[PDB]
file structure.cif (mmCIF, C-alpha atoms)
data_model
loop_
_atom_site.group_PDB
_atom_site.id
_atom_site.type_symbol
_atom_site.label_atom_id
_atom_site.label_comp_id
_atom_site.auth_asym_id
_atom_site.auth_seq_id
_atom_site.Cartn_x
_atom_site.Cartn_y
_atom_site.Cartn_z
ATOM 1 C CA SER J 1856 25.448 -23.551 -12.483
ATOM 2 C CA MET J 1857 26.256 -26.619 -10.312
ATOM 3 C CA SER J 1858 29.028 -25.723 -7.763
ATOM 4 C CA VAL J 1859 29.476 -22.312 -9.572
ATOM 5 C CA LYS J 1860 27.916 -19.366 -7.734
ATOM 6 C CA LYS J 1861 28.009 -15.568 -8.102
ATOM 7 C CA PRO J 1862 29.126 -13.885 -4.826
ATOM 8 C CA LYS J 1863 26.401 -13.821 -1.994
ATOM 9 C CA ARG J 1864 24.482 -10.428 -1.918
ATOM 10 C CA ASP J 1865 23.500 -9.784 1.768
ATOM 11 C CA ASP J 1866 19.690 -10.174 1.923
ATOM 12 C CA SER J 1867 19.378 -10.374 5.761
ATOM 13 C CA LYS J 1868 17.941 -6.828 6.147
ATOM 14 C CA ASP J 1869 15.482 -7.035 3.220
ATOM 15 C CA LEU J 1870 12.442 -7.863 5.445
ATOM 16 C CA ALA J 1871 13.038 -4.885 7.727
ATOM 17 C CA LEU J 1872 13.748 -2.524 4.911
ATOM 18 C CA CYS J 1873 10.554 -3.598 2.847
ATOM 19 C CA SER J 1874 8.597 -3.014 6.153
ATOM 20 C CA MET J 1875 10.011 0.496 6.403
ATOM 21 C CA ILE J 1876 9.190 1.329 2.818
ATOM 22 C CA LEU J 1877 5.636 -0.024 3.308
ATOM 23 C CA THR J 1878 5.251 2.169 6.472
ATOM 24 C CA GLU J 1879 6.220 5.223 4.459
ATOM 25 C CA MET J 1880 3.645 4.247 1.713
ATOM 26 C CA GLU J 1881 0.989 3.669 4.444
ATOM 27 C CA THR J 1882 1.475 7.136 5.977
ATOM 28 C CA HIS J 1883 1.629 9.108 2.656
ATOM 29 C CA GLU J 1884 -1.317 11.474 2.353
ATOM 30 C CA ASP J 1885 -2.317 10.044 -1.035
ATOM 31 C CA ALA J 1886 -2.397 6.410 0.255
ATOM 32 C CA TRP J 1887 -6.155 6.524 1.080
ATOM 33 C CA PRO J 1888 -7.367 4.755 -2.136
ATOM 34 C CA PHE J 1889 -4.910 1.880 -1.396
ATOM 35 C CA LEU J 1890 -5.083 1.239 2.375
ATOM 36 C CA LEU J 1891 -7.816 -1.421 2.250
ATOM 37 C CA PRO J 1892 -9.152 -3.920 -0.254
ATOM 38 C CA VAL J 1893 -11.662 -2.490 -2.806
ATOM 39 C CA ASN J 1894 -15.124 -3.554 -1.595
ATOM 40 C CA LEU J 1895 -16.159 -6.036 -4.304
ATOM 41 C CA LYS J 1896 -19.835 -5.924 -3.289
ATOM 42 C CA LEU J 1897 -19.996 -2.116 -3.524
ATOM 43 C CA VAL J 1898 -17.895 -1.269 -6.589
ATOM 44 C CA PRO J 1899 -19.466 -2.359 -9.823
ATOM 45 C CA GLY J 1900 -17.130 -3.830 -12.407
ATOM 46 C CA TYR J 1901 -14.166 -4.383 -10.019
ATOM 47 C CA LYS J 1902 -14.498 -8.091 -9.392
ATOM 48 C CA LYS J 1903 -14.726 -8.972 -13.111
ATOM 49 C CA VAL J 1904 -12.215 -6.557 -14.485
ATOM 50 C CA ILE J 1905 -9.351 -6.730 -11.877
ATOM 51 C CA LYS J 1906 -8.183 -10.272 -11.887
ATOM 52 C CA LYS J 1907 -5.712 -9.855 -8.993
ATOM 53 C CA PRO J 1908 -6.794 -7.238 -6.430
ATOM 54 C CA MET J 1909 -4.020 -5.928 -4.144
ATOM 55 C CA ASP J 1910 -3.847 -3.245 -1.423
ATOM 56 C CA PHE J 1911 -1.395 -2.080 1.290
ATOM 57 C CA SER J 1912 -3.142 -3.949 4.161
ATOM 58 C CA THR J 1913 -2.968 -7.215 2.228
ATOM 59 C CA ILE J 1914 0.737 -6.607 1.459
ATOM 60 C CA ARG J 1915 1.339 -5.803 5.159
ATOM 61 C CA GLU J 1916 -0.295 -9.126 6.221
ATOM 62 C CA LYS J 1917 1.653 -11.142 3.572
ATOM 63 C CA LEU J 1918 4.898 -9.439 4.720
ATOM 64 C CA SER J 1919 4.273 -10.092 8.431
ATOM 65 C CA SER J 1920 3.488 -13.796 7.859
ATOM 66 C CA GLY J 1921 6.399 -14.825 5.558
ATOM 67 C CA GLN J 1922 4.482 -15.027 2.382
ATOM 68 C CA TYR J 1923 7.107 -13.092 0.318
ATOM 69 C CA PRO J 1924 9.960 -15.383 -0.690
ATOM 70 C CA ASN J 1925 12.228 -12.501 -1.701
ATOM 71 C CA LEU J 1926 12.233 -8.690 -2.170
ATOM 72 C CA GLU J 1927 11.192 -8.988 -5.891
ATOM 73 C CA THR J 1928 7.902 -10.740 -5.100
ATOM 74 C CA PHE J 1929 7.205 -7.830 -2.606
ATOM 75 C CA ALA J 1930 7.887 -5.195 -5.385
ATOM 76 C CA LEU J 1931 5.565 -7.141 -7.775
ATOM 77 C CA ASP J 1932 2.583 -6.763 -5.299
ATOM 78 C CA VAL J 1933 3.277 -3.079 -4.704
ATOM 79 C CA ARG J 1934 3.390 -2.429 -8.489
ATOM 80 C CA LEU J 1935 0.196 -4.554 -8.896
ATOM 81 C CA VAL J 1936 -1.596 -2.046 -6.634
ATOM 82 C CA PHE J 1937 -0.679 0.759 -9.129
ATOM 83 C CA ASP J 1938 -1.293 -1.222 -12.261
ATOM 84 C CA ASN J 1939 -4.754 -2.106 -10.990
ATOM 85 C CA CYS J 1940 -5.428 1.533 -10.182
ATOM 86 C CA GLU J 1941 -4.434 2.590 -13.766
ATOM 87 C CA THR J 1942 -6.630 -0.150 -15.214
ATOM 88 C CA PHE J 1943 -9.753 1.125 -13.397
ATOM 89 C CA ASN J 1944 -9.344 4.880 -12.923
ATOM 90 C CA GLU J 1945 -8.961 7.743 -15.376
ATOM 91 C CA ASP J 1946 -5.544 9.548 -15.117
ATOM 92 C CA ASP J 1947 -7.493 12.808 -14.541
ATOM 93 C CA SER J 1948 -9.278 11.751 -11.286
ATOM 94 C CA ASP J 1949 -8.242 12.104 -7.711
ATOM 95 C CA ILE J 1950 -7.588 8.336 -7.384
ATOM 96 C CA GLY J 1951 -5.872 8.188 -10.851
ATOM 97 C CA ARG J 1952 -3.461 10.975 -9.773
ATOM 98 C CA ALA J 1953 -2.963 9.327 -6.307
ATOM 99 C CA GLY J 1954 -1.794 6.220 -8.075
ATOM 100 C CA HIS J 1955 0.735 7.935 -10.250
ATOM 101 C CA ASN J 1956 2.106 9.852 -7.301
ATOM 102 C CA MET J 1957 2.407 6.717 -5.046
ATOM 103 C CA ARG J 1958 4.096 4.725 -7.811
ATOM 104 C CA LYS J 1959 6.701 7.500 -8.215
ATOM 105 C CA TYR J 1960 7.233 7.690 -4.483
ATOM 106 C CA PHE J 1961 7.638 3.877 -4.236
ATOM 107 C CA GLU J 1962 10.051 3.576 -7.151
ATOM 108 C CA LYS J 1963 12.416 6.212 -5.715
ATOM 109 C CA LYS J 1964 12.477 4.570 -2.259
ATOM 110 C CA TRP J 1965 13.081 1.211 -3.970
ATOM 111 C CA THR J 1966 16.097 2.452 -6.029
ATOM 112 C CA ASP J 1967 17.598 4.422 -3.105
ATOM 113 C CA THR J 1968 17.258 1.511 -0.691
ATOM 114 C CA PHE J 1969 18.363 -1.425 -2.931
ATOM 115 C CA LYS J 1970 20.073 -0.231 -6.290
#
call {"tool": "encode", "arguments": {"input": "structure.cif", "output": "structure tokens"}}
result
Amino acid sequence: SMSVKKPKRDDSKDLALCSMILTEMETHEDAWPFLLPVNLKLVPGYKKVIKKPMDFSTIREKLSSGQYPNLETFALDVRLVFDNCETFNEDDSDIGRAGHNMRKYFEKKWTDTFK
């Protein structure tokens, strides 16, 4: 509350560390469904169904331009990528499986880096 603060967690390396995580997601072999925005002219249903599209390139641009206020808003966009993928793709598809695998990979890196 006013003039009463919990001790200051060092957040000065968060930007660099989110960048490193994102590089590791970018270079994973199962990243291919997620590297670029879904082409809304060429994929029927996507525009109407997926209210907030997200992809790695879009996260990389937001990161590089100071559009994440803190590391939690960065994790929310990453998870949005996987949540979208589960919304649109059967679990038993190449892309459905890619999404589960990438989410697992992300969540481990997140915990090991920050928890």
call {"tool": "resolve_selection", "arguments": {"input": "structure.cif", "expression": "the PyMOL selection byres ((chain J and resi 1892) around 8)", "output": "PyMOL selection string"}}
result
chain J and resi 1889-1891+1893-1894+1908-1910+1912-1913
call {"tool": "atom_distance", "arguments": {"input": "structure.cif", "atom1": "CA of residue 1934 in chain J", "atom2": "CA of residue 1921 in chain J"}}
result
19.0 Å
call {"tool": "atom_distance", "arguments": {"input": "structure.cif", "atom1": "CA of residue 1927 in chain J", "atom2": "CA of residue 1862 in chain J"}}
result
18.6 Å
call {"tool": "resolve_selection", "arguments": {"input": "structure.cif", "expression": "the PyMOL selection byres ((chain J and resi 1870) around 12)", "output": "mmCIF file with C-alpha atoms, in the coordinates of the input"}}
result
data_model
loop_
_atom_site.group_PDB
_atom_site.id
_atom_site.type_symbol
_atom_site.label_atom_id
_atom_site.label_comp_id
_atom_site.auth_asym_id
_atom_site.auth_seq_id
_atom_site.Cartn_x
_atom_site.Cartn_y
_atom_site.Cartn_z
ATOM 1 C CA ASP J 1865 23.500 -9.784 1.768
ATOM 2 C CA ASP J 1866 19.690 -10.174 1.923
ATOM 3 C CA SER J 1867 19.378 -10.374 5.761
ATOM 4 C CA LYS J 1868 17.941 -6.828 6.147
ATOM 5 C CA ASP J 1869 15.482 -7.035 3.220
ATOM 6 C CA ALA J 1871 13.038 -4.885 7.727
ATOM 7 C CA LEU J 1872 13.748 -2.524 4.911
ATOM 8 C CA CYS J 1873 10.554 -3.598 2.847
ATOM 9 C CA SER J 1874 8.597 -3.014 6.153
ATOM 10 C CA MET J 1875 10.011 0.496 6.403
ATOM 11 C CA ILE J 1876 9.190 1.329 2.818
ATOM 12 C CA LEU J 1877 5.636 -0.024 3.308
ATOM 13 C CA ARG J 1915 1.339 -5.803 5.159
ATOM 14 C CA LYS J 1917 1.653 -11.142 3.572
ATOM 15 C CA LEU J 1918 4.898 -9.439 4.720
ATOM 16 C CA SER J 1919 4.273 -10.092 8.431
ATOM 17 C CA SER J 1920 3.488 -13.796 7.859
ATOM 18 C CA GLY J 1921 6.399 -14.825 5.558
ATOM 19 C CA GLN J 1922 4.482 -15.027 2.382
ATOM 20 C CA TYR J 1923 7.107 -13.092 0.318
ATOM 21 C CA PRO J 1924 9.960 -15.383 -0.690
ATOM 22 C CA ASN J 1925 12.228 -12.501 -1.701
ATOM 23 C CA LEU J 1926 12.233 -8.690 -2.170
ATOM 24 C CA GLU J 1927 11.192 -8.988 -5.891
ATOM 25 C CA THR J 1928 7.902 -10.740 -5.100
ATOM 26 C CA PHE J 1929 7.205 -7.830 -2.606
#
call {"tool": "closest_residue", "arguments": {"input": "structure.cif", "among": "J:1940, J:1880, J:1859, J:1886", "to": "residue 1904 in chain J", "atoms": "all atoms listed in the file"}}
result
J:1940
call {"tool": "closest_residue", "arguments": {"input": "structure.cif", "among": "J:1900, J:1888, J:1881, J:1939", "to": "residue 1914 in chain J", "atoms": "all atoms listed in the file"}}
result
J:1881
call {"tool": "closest_residue", "arguments": {"input": "structure.cif", "among": "J:1967, J:1879, J:1945, J:1962", "to": "residue 1930 in chain J", "atoms": "only C-alpha atoms"}}
result
J:1962
call {"tool": "decode", "arguments": {"input": "structure.cif", "residues": "range 1873-1961 of chain J", "atoms": "C-alpha atoms", "output": "tab-separated table (two decimals), in the first residue's frame"}}
result
chain	number	residue	atom	x	y	z
J	1873	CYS	CA	12.64	-13.21	-22.82
J	1874	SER	CA	14.64	-12.57	-26.09
J	1875	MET	CA	16.72	-15.68	-25.45
J	1876	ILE	CA	13.71	-17.83	-24.73
J	1877	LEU	CA	12.00	-16.52	-27.90
J	1878	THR	CA	15.17	-17.37	-29.94
J	1879	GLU	CA	15.05	-20.92	-28.64
J	1880	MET	CA	11.28	-21.15	-29.58
J	1881	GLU	CA	12.08	-19.68	-33.05
J	1882	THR	CA	14.77	-22.29	-33.79
J	1883	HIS	CA	12.83	-25.36	-32.48
J	1884	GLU	CA	12.06	-27.77	-35.30
J	1885	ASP	CA	8.33	-27.77	-34.50
J	1886	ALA	CA	8.07	-23.92	-34.61
J	1887	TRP	CA	7.05	-23.85	-38.32
J	1888	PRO	CA	3.25	-23.47	-37.73
J	1889	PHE	CA	3.98	-20.44	-35.46
J	1890	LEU	CA	6.75	-18.43	-37.18
J	1891	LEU	CA	4.45	-16.12	-39.16
J	1892	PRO	CA	0.92	-14.80	-38.89
J	1893	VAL	CA	-1.82	-17.18	-40.20
J	1894	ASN	CA	-2.80	-15.86	-43.65
J	1895	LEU	CA	-6.35	-14.63	-43.02
J	1896	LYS	CA	-7.18	-14.48	-46.74
J	1897	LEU	CA	-6.11	-18.10	-47.33
J	1898	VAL	CA	-7.34	-19.96	-44.24
J	1899	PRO	CA	-11.09	-20.23	-44.06
J	1900	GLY	CA	-12.63	-19.76	-40.64
J	1901	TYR	CA	-9.51	-18.24	-38.98
J	1902	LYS	CA	-10.46	-14.59	-39.01
J	1903	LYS	CA	-13.90	-15.19	-37.46
J	1904	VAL	CA	-13.02	-17.85	-34.98
J	1905	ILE	CA	-9.63	-16.60	-33.56
J	1906	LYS	CA	-10.35	-13.28	-32.00
J	1907	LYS	CA	-6.70	-12.49	-31.14
J	1908	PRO	CA	-4.19	-13.98	-33.61
J	1909	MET	CA	-0.59	-14.23	-32.34
J	1910	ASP	CA	2.65	-15.67	-33.77
J	1911	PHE	CA	6.40	-15.64	-32.95
J	1912	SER	CA	7.28	-12.89	-35.49
J	1913	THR	CA	4.64	-10.59	-34.02
J	1914	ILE	CA	5.93	-11.31	-30.48
J	1915	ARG	CA	9.51	-10.63	-31.69
J	1916	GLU	CA	8.45	-7.22	-33.12
J	1917	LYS	CA	6.48	-6.28	-29.94
J	1918	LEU	CA	9.51	-7.31	-27.81
J	1919	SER	CA	12.02	-5.32	-29.90
J	1920	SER	CA	9.89	-2.14	-29.81
J	1921	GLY	CA	9.00	-1.95	-26.07
J	1922	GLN	CA	5.45	-3.03	-26.35
J	1923	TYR	CA	5.66	-5.51	-23.39
J	1924	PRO	CA	5.35	-3.66	-20.09
J	1925	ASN	CA	6.58	-6.63	-18.05
J	1926	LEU	CA	7.54	-10.33	-18.39
J	1927	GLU	CA	3.92	-11.50	-17.64
J	1928	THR	CA	2.43	-9.70	-20.65
J	1929	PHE	CA	5.17	-11.48	-22.78
J	1930	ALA	CA	4.14	-14.94	-21.34
J	1931	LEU	CA	0.44	-14.13	-22.07
J	1932	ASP	CA	1.21	-13.65	-25.85
J	1933	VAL	CA	3.31	-16.81	-26.03
J	1934	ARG	CA	0.51	-18.83	-24.36
J	1935	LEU	CA	-2.04	-17.14	-26.71
J	1936	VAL	CA	-0.14	-18.67	-29.66
J	1937	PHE	CA	-0.77	-22.17	-28.15
J	1938	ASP	CA	-4.30	-21.55	-27.04
J	1939	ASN	CA	-5.17	-20.37	-30.54
J	1940	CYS	CA	-3.54	-23.46	-32.01
J	1941	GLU	CA	-5.64	-25.76	-29.71
J	1942	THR	CA	-8.79	-23.85	-30.63
J	1943	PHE	CA	-8.30	-24.45	-34.38
J	1944	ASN	CA	-6.41	-27.73	-34.77
J	1945	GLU	CA	-7.23	-31.30	-33.76
J	1946	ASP	CA	-4.81	-32.74	-31.11
J	1947	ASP	CA	-4.09	-35.61	-33.56
J	1948	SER	CA	-2.63	-33.47	-36.42
J	1949	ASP	CA	0.88	-32.41	-37.12
J	1950	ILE	CA	0.13	-28.78	-36.14
J	1951	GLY	CA	-1.96	-29.89	-33.07
J	1952	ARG	CA	1.01	-31.97	-31.81
J	1953	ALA	CA	3.48	-29.12	-32.65
J	1954	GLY	CA	1.49	-26.87	-30.39
J	1955	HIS	CA	1.48	-29.19	-27.44
J	1956	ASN	CA	5.19	-29.80	-27.80
J	1957	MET	CA	6.07	-26.03	-28.07
J	1958	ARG	CA	3.89	-25.17	-25.07
J	1959	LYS	CA	5.74	-27.80	-22.98
J	1960	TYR	CA	9.09	-26.54	-24.18
J	1961	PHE	CA	8.14	-22.91	-23.37
